[PDB]
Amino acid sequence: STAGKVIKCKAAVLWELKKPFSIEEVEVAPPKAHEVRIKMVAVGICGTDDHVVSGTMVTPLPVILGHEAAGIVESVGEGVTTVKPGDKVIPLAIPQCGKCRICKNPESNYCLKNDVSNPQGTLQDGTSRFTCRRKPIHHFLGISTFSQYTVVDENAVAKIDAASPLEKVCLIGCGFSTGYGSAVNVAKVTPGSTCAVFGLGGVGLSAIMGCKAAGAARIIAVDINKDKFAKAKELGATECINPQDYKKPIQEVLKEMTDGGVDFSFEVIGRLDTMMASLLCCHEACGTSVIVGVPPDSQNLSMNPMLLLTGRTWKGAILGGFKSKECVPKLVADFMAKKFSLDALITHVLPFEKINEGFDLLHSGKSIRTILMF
């Protein structure tokens, strides 16, 4: 008898920047018209959540983060039609209202209802459903999945296969889809081409997978943490190199081993230097570089337009260019059909309450993707 009533559960709240998550008792208000309340089951730790912690990604505080999750619908608000109580769903970091210029554009996914452009830390109606210590807590990416119970908007949640292993498919909510899509959709890696992926975390590795599926001949993985090279090779990388083992700049290294540069480069870290390096390593006359990593807020790049005049294409994308609510269930369907494996990405599992340990694991470089089970 929770429907229509305020739920009292636990969530990881971030009260201040650069501090540990505080597991506290919060209050989830029941879903409003066209909103959905979800009981979380599993949530992965993505670099993006870390960025907000470090103040790298600006978003209102206090807030409950988390965005790469999967759970069960507890209760539906007035007017919901796409999902109902008991449904296995994956909340979406980028929604699909289906009524905006972009949603109606078959080749784009950055819906206007997104809370990325101008982070408000609220649901689409401009209000919050969270309270903790008699104070309203903000939402994150409209979904806030670092909670046992979360109220999202109907267009920011996809109904998925009822037989879906929620502890694995949560990764399709952000990580896997982003990396894989970046290579398939965005870059459109062509068969026999040479690729370079900077960053071997969950998203980067997925990107190598995408490059492999796309039929790339050479897939060079780049990372300062050599302990990630094993997984890289496993997932499709033909060779892994470390920037620190070289005297010359990494881009000059990549150009040397590839006759002037790769056909496609990806930056899946979130740093300006590596974004410049990635762009610089693709051939000046035919290269395509894709920015996947999210850089620190307000830091700007300094670039010479001649880098593009010669013949390069520089582009970016969120969620790998997949229209969220529409493609997510399709990707889940593909997973259940043995199209791809997510096991390699998952290295650690921990109960939600040990959330801070998951972030420690990320900072140490021992983990790729850690799943928090509620």
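Quick note: we count residues from 1 along the sequence shown, nothing fancier.
As listed in the deposited structure, the average C-alpha B-factor of 303-311 and of 345-353 is greater for 345-353. The mean C-alpha temperature factor is higher for 230-238 when 276-284 and 230-238 are set side by side. When the C-alpha B-factors of 100, 250, 209, 152 are read from the PDB record, the largest value belongs to 152. Taking only the listed residues 67, 39, 323, 51, the entry reports the highest CA temperature factor at 39. Among the modelled residues of its chain, residue 179 has a C-alpha B-factor that falls in the lowest third according to the deposited record.
Remark: residue 139 belongs to the middle third of its chain, ranked by C-alpha B-factor as recorded.
The PDB entry assigns residue 371 a C-alpha temperature factor belonging to the middle third of its chain's modelled residues. Ranked within its chain, residue 20 lands in the highest third, by CA B factor from the PDB record. Among all modelled residues in its chain, residue 255 ranks in the lowest third by Cα B-factor.
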